[PDB]
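Trainee: I'd like to ask you about the structure that follows.
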Amino acid sequence: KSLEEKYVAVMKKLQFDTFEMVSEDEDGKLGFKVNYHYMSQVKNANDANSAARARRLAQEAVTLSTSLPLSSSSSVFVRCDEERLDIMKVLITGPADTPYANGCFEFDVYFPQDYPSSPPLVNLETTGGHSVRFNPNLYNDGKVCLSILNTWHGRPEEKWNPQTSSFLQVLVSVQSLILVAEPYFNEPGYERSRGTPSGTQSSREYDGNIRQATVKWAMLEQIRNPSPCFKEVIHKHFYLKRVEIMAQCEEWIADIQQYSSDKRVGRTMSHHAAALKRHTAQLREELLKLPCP
Amino acid sequence: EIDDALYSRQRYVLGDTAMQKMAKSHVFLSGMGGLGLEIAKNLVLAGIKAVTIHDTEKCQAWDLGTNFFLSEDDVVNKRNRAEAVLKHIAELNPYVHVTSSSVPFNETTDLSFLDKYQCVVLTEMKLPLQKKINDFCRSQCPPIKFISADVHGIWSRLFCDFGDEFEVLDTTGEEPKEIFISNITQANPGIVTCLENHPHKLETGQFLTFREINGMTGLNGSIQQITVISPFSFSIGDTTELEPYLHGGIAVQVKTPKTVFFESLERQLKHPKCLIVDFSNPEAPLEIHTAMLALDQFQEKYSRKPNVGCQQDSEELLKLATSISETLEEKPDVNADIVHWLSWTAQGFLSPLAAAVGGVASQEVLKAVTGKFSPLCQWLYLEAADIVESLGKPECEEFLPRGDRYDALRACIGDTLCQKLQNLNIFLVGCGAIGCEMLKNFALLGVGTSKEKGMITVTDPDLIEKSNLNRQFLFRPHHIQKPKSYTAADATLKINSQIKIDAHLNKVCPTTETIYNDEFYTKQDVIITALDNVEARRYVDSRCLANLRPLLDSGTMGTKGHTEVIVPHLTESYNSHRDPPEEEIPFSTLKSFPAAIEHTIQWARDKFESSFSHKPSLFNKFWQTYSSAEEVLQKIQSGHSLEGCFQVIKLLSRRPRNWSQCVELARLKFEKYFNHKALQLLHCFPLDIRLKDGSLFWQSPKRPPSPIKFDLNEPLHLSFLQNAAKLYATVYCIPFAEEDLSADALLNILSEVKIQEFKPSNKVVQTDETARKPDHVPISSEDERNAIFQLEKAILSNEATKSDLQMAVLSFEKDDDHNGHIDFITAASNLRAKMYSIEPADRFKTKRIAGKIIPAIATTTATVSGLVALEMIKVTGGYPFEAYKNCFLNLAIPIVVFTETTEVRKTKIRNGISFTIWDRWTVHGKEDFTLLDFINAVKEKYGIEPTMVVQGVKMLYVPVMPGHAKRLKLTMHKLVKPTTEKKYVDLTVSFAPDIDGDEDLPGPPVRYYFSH
Ligand SMILES: O=P(O)(O)O[C@H]1[C@H](OP(=O)(O)O)[C@@H](OP(=O)(O)O)[C@H](OP(=O)(O)O)[C@@H](OP(=O)(O)O)[C@H]1OP(=O)(O)O
Ligand SMILES: Nc1ncnc2c1ncn2[C@@H]1O[C@H](COP(=O)(O)OP(=O)(O)OP(=O)(O)O)[C@@H](O)[C@H]1O
């Protein structure tokens, strides 16, 4: 619990901060010092900014600086440009007891011109070159599907609301819906297989694949190739949680080996377990080589 | 036969039944002043078969200020007024047989020759002669419709008399309404309840007909008269004897004919039925009628109009008005100011008011020969007293004539206001019909004719089309496919050679903001918009609000029109209005469950776009992104997920190579669209399937689809096949001839084509009316290997050249009939309607709806242009807020409503300080001036401390942002990093609310200057 308290104390000071992601030349043409998803959208945005687009963003900044979620199980970290508020990056640590447990994911956030009349645009960058569709609502291309973002089917009350919806609500919905312990059932049609042996078997297949992919990208590629906006955050988080990470990966290796005897899916479990062991050895080496922040 | 290519916009207003009656009507028009010329022009543009203009007066120099066809040569030759303009009028519409006459009119004149005319219009005629003619006209069998119109200075009079009884065939231009029935009870009277989500929107006493009613099957085909109970219920009479209701039911509104009564002109002078146009003065029209009757009696008594500034004439006119007023039924008090101004401006002639009255009178004439709308009953008085009321008591020397062409307007508004008008700089956006009429009004008023300052700038990018000749009267058949702005500018100078006009082809948009910068807007004094869309209106309104310049706006939808007046520091801007947008049809309703013909039309339009605009563009883009099909094969074999590769492969594998294959593809598309879809939907939802509550799924608004069987003998099937084949051949660049379109060839070609047997898939059907179109379905491995095989076969068959990998893209042309886009859309929509038992539409309605063609007529455009030009005078004169009048009119009823423009709403910010949308705070600084200095200066100047500073999209300073308190010490130039072009910069500021946790209160925009 002392580790939890230290994580709360340290990462809280690192939850919200500025970062120089955008610079302009002598004429004013935009040039970016970090990777970003909406390059064309940013470069094509006009200067006819609505006052609401600034007031709402300032109020959201106050709300984020005051009440960003924070726990060693799951936390939200936000970085915004020193000059442009409409561009942001969001780093989320996966809640425990899920295939995303302790995995850190980087998101690119853009605000459209008519914001807050329309939901903002969020894209995922931790897909590992679009290799893995980490969630049924999170396609490998980086698309994020949510009712509040109008990118997922739902009732109007679940949709975007310029008067009541907020970015904090979006983050809470992301944590509560995408990073769940049963991502396989998020897909339509698959949710009705919940409780059936075939549905549970397919869920275990998907969860093993997601676990190995998370270890590969959301942990190993993050420590090896950290994003500059979250470099200190990622190192501190992995150093603080390192023992839990190795324990969790050994537990996952033990869990996936339980289904290696399966004939429908067992070979996939064997392949994912071999990949997980390789990535676990690599992660253990990296954590042993990781200096104390 | 109606020339649709010329008349379509007017047809969408009037209808074929009315137009086929106007083709057999003769109209007699007397008096060729400004008002008579406007009426004649509107009637000729409308397409009346025969018009007989008549006038006995000769041309004078005074006439040039009211007539836009006369020339100085006409005055030199002393030609007859009617014959001097007969030649020019005929050019407006070659289909119209215009004639001229000059028979003297007086007491001894024989009126028997008038019987050959259906309608008679009299202008600038003595009252007793009008009385005699009206007595003769209404006594004929059938009665001759009588209309009288007059303009005296700033006062106008319009009168109608359509006989003892007039049979109106349609009380309004609204389409008949369809009401879906939710429940009906067996009661006396039976209470009918519509679907609870849609309002009743009907009135007691109307007639409805019923169809598709289950349970009470006897109500099918019956006609009932309803009584409104609630905004969602009504009663149609006793239904207890009927069967028990089950479900369904649709009621249709029936347009019953209505009879309107009129009275003789001589008796109508007492107790006149006057149309109220200003509800703040419900008794003004009666006073105006009394004053005009007194003026006519003065003309009878003295054989001359009152002289301007003559107190004796004004006193005599007041005495006559007082004597006349007591004879009326109501005995109103004589308005001294109205009589005084009528005496003051008796000899004047205000052109914009004349144009507005001419438009209204022409609409009444069109109603007279068709009965398409409820006519005026009976008097209508339009005022312009606001123009001269703000002048106080100007001297008579301002109004005395001086010999130039502007004596007509000088006697109306005085010399100083005319001088102000001549020095105006007006930026006219859009050169449509409203723009052309406004340019004609400018030419008549002499706007910008001063050699020192006056200048008019008109900009429009569109070219002249044949359909524009119907209402944009400045153009001619030989001006087709030439710029609107250039042609209008070159035509305007003929009306008034002293005018100075500049024409531009630029579209008004942010991309062209460089030309129309703030310095240009500062130069202009008034901005007038004749736009046809909303986005450009909002952009122009924002620019005018930024530059603090008045704006005049107007728009016409058929017989409805409105005028918007915006004045700095006085009225709200156009952006302050946020009326609800067009309601989108639900995606599930459009794709799967259409209820009305409009849904099928929209579906056909979307299908056409996706088939000939979207997918060919994607094909071209895909084959330009990747060079060769072999490269695509190598990439997909290595797992590369090229953007939409499988769809492009599917398009490539189905590419036709000759006309026969195009016909086969069209046949397959017909089968897929109109047989397989219905079978799939019925497989998902059988006819007897029931919901969770046990109610039948197939009930209103949903309708059960029926599979259609192909049959080449039916004209609709042949039309669809021909259109689809031609469009696909054009897209695939397959050459063809008209002989290939013969039904014999199509039958011979299709005889060898096998029709694939249908199989039911299990695709999810979206029944949610709140859902939208889902994104791409994940491609299965089977589809992947099928695409691989298809493109490998294509490569083997050498179908991989650049010609194979490019397709022509078709734009949705709608004005031309030979391209066949409208034909294809009509055929597809009618077939889809036949699927769901929806009543089929026709080609013209499909053209109107699919093309989003806004109905328009010349009369409404002329009226709104006259009103806008009238308000332009008030804007130029700088009159107080009370003088400006927003207008909304609908000539169908007819109804004209004047209303004070919306007052600007002060927004309280803090501690009693308030600002308006026109406000903009300013701060002057220097290079060592800092952000903290900026905050201190703002707080000192306006008594309130800023809480955040924003430079457009860039954030300058927000307290909650870490490390931004350091920016207070930074110099303004360094933190802004501005360009040397601008001496200033615009920032957005917000302030602290009274309550903690509330959003920062938005302040007015702030302009900071980098130097003093
Ligand atoms: O592209 P869309 O305009 O949305 O229309 C598509 C398209 O039909 P067409 O190519 O004939 O216009 C599909 O065919 P493909 O291009 O994918 O071959 C067809 O899919 P099927 O071949 O499976 O019938 C689908 O129909 P559906 O969604 O019922 O499967 C239909 O959609 P709509 O006609 O409803 O637009
Ligand atoms: N942003 C803009 N800047 C300048 N002119 C514009 C702009 N948007 C529209 N227009 C002009 O508005 C005019 C509209 O004219 P109008 O309403 O009489 O109908 P139309 O476009 O000529 O014909 P129809 O609507 O019947 O096809 C067009 O001539 C077009 O050039």
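A short reminder: the numbers here are calculations on the coordinates, not readings from a lab. Using ideal geometry, Cβ is built from the backbone for each residue, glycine included, and neighbour counts are taken over all protein chains shown.
Trainee: Of the numbered conditions (1) in contact with a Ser or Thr (Cβ under 6 Å, 6 or more places away or on another chain); (2) in a loop (DSSP other than H, G, I, E, B); (3) within 16 Å of ligand 2 (Cβ to nearest atom), B:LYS507 satisfies every one except a single condition; which is it?
Mentor: Only one criterion is unmet by B:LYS507, namely (1).
Trainee: With respect to B:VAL565, determine if the residue is farther than 24 Å from B:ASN723 by Cβ and in contact with an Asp or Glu (Cβ under 7 Å, 6 or more places away or on another chain).
Mentor: On the way: farther than 24 Å from B:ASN723 by Cβ: yes; in contact with an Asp or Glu (Cβ under 7 Å, 6 or more places away or on another chain): yes.
For B:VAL565, the condition - farther than 24 Å from B:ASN723 by Cβ and in contact with an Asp or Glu (Cβ under 7 Å, 6 or more places away or on another chain) - is met.
Trainee: Follow-up. What about B:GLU583, is it more than 12 Å from ligand 2 (Cβ to nearest atom) and under 14 Å from B:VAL429 (Cβ atoms)?
Mentor: Numbers: more than 12 Å from ligand 2 (Cβ to nearest atom): yes; under 14 Å from B:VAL429 (Cβ atoms): no.
So B:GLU583 fails the test.
Trainee: Just to be sure before I move on: is B:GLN806 within 13 Å of ligand 1 (Cβ to nearest atom) and not charged (D, E, K, R) in the structure I sent?
Mentor: Numbers: within 13 Å of ligand 1 (Cβ to nearest atom): no; not charged (D, E, K, R): yes.
Criteria not met by B:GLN806.
Trainee: For A:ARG133, state whether it is in a strand (DSSP E or B), within 12 Å of another protein chain (Cβ to nearest Cβ) and surrounded by 17 or more Cβ atoms within 10 Å (Cβ to Cβ). Outline the logic, then answer.
Mentor: Numbers: in a strand (DSSP E or B): no; within 12 Å of another protein chain (Cβ to nearest Cβ): yes; surrounded by 17 or more Cβ atoms within 10 Å (Cβ to Cβ): yes.
It is false that A:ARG133 is in a strand (DSSP E or B), within 12 Å of another protein chain (Cβ to nearest Cβ) and surrounded by 17 or more Cβ atoms within 10 Å (Cβ to Cβ).
Trainee: Can you tell which of B:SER627, B:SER660, B:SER641 is more than 16 Å from ligand 1 (Cβ to nearest atom), of a type in the set (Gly, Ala, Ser) and part of a helix (DSSP H, G or I)?
Mentor: On the way: B:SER627 fails: part of a helix (DSSP H, G or I); B:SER641 fails: part of a helix (DSSP H, G or I).
Within the list B:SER627, B:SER660, B:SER641, the selection yields B:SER660.
Trainee: Shifting gears a bit: Evaluate the following for B:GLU799: is it assigned to a loop (DSSP other than H, G, I, E, B), closer than 30 Å to B:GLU739 by Cα, charged (D, E, K, R) and away from chain A (no Cβ under 14 Å)? Walk me through how you get there before you give the answer.
Mentor: Details: assigned to a loop (DSSP other than H, G, I, E, B): yes; closer than 30 Å to B:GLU739 by Cα: yes; charged (D, E, K, R): yes; away from chain A (no Cβ under 14 Å): yes.
When the stated conditions are applied, B:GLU799 passes them.
Trainee: Check the range B:746-754 and report whether any residue there is surrounded by 12 or more Cβ atoms within 10 Å (Cβ to Cβ) and either within 14 Å of chain A (Cβ to nearest Cβ) or part of a loop (DSSP other than H, G, I, E, B) (or both).
Mentor: Yes, because at least one residue in the range B:746-754 is surrounded by 12 or more Cβ atoms within 10 Å (Cβ to Cβ) and either within 14 Å of chain A (Cβ to nearest Cβ) or part of a loop (DSSP other than H, G, I, E, B) (or both).
Trainee: Then there is this: Among the listed residues B:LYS709, B:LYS692, B:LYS677, which satisfies the condition of being within 16 Å of ligand 1 (Cβ to nearest atom) and either away from chain A (no Cβ under 14 Å) or not in a helix (DSSP H, G or I) (or both)?
Mentor: Numbers: B:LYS709 fails: within 16 Å of ligand 1 (Cβ to nearest atom); B:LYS692 fails: within 16 Å of ligand 1 (Cβ to nearest atom).
None of the others qualify; the one that does is B:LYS677.
Trainee: Within the range A:202-244, which residues are buried (at least 22 other Cβ atoms within 10 Å of the Cβ), aliphatic (A, V, I, L, M) and farther than 17 Å from A:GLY128 by Cβ?
Mentor: The answer is A:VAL233, and nothing else.
Trainee: Could you list all residues from the range B:913-935 that are surrounded by 15 or more Cβ atoms within 10 Å (Cβ to Cβ) and more than 25 Å from B:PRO568 (Cβ to Cβ)?
Mentor: B:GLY925, B:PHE929, B:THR930, B:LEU931, B:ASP933, B:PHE934, B:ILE935
Trainee: For the range B:594-612, give me each residue that is within 12 Å of ligand 1 (Cβ to nearest atom) and touching an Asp or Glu at 6+ places or on another chain (Cβ under 9 Å).
Mentor: Answer for the range B:594-612, where residues must be within 12 Å of ligand 1 (Cβ to nearest atom) and touching an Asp or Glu at 6+ places or on another chain (Cβ under 9 Å): there is none.
Trainee: Select from the range B:424-437 the residues that are more than 20 Å from B:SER467 (Cβ to Cβ) and not polar (S, T, N, Q) and write down the one among them that is farthest from ligand 2 (Cβ to nearest atom). I'd like the intermediate steps shown before the answer.
Mentor: Residues of the range B:424-437 that are more than 20 Å from B:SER467 (Cβ to Cβ), as a first pass: B:424-429.
Remaining after also requiring not polar (S, T, N, Q): B:424, B:426-429.
Numbers: B:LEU424: 20, B:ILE426: 15, B:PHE427: 11, B:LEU428: 10, B:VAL429: 6 Å.
The qualifying residue farthest from ligand 2 (Cβ to nearest atom) is B:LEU424.
Trainee: Could you count how many residues in the range B:254-270 are of a type in the set (A, V, I, L, M), surrounded by 15 or more Cβ atoms within 10 Å (Cβ to Cβ) and touching a residue at least 40 places away in the same chain (Cβ under 8 Å)? Don't jump to the end; show me each part of the working.
Mentor: Residues of the range B:254-270 of a type in the set (A, V, I, L, M): B:254, B:260, B:265, B:269.
Next, only the ones that are surrounded by 15 or more Cβ atoms within 10 Å (Cβ to Cβ) stay: B:260, B:265, B:269.
Filter once more, so that each one left must be touching a residue at least 40 places away in the same chain (Cβ under 8 Å): B:260, B:265.
The number of residues fulfilling the criteria is 2.
Trainee: Tell me, which residue of the range B:105-138 that is farther than 11 Å from B:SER264 by Cβ and basic (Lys, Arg) is surrounded by the fewest Cβ atoms within 10 Å (Cβ to Cβ)?
Mentor: Here the answer is B:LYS116.
Trainee: Regarding the range B:532-539, can at least one residue be identified that is without any contact (Cβ under 8 Å) to a residue 24 or more places away in the chain, within 14 Å of chain A (Cβ to nearest Cβ) and within 16 Å of ligand 2 (Cβ to nearest atom)?
Mentor: Checked against the condition, which is being without any contact (Cβ under 8 Å) to a residue 24 or more places away in the chain, within 14 Å of chain A (Cβ to nearest Cβ) and within 16 Å of ligand 2 (Cβ to nearest atom), the range B:532-539 yields at least one hit.
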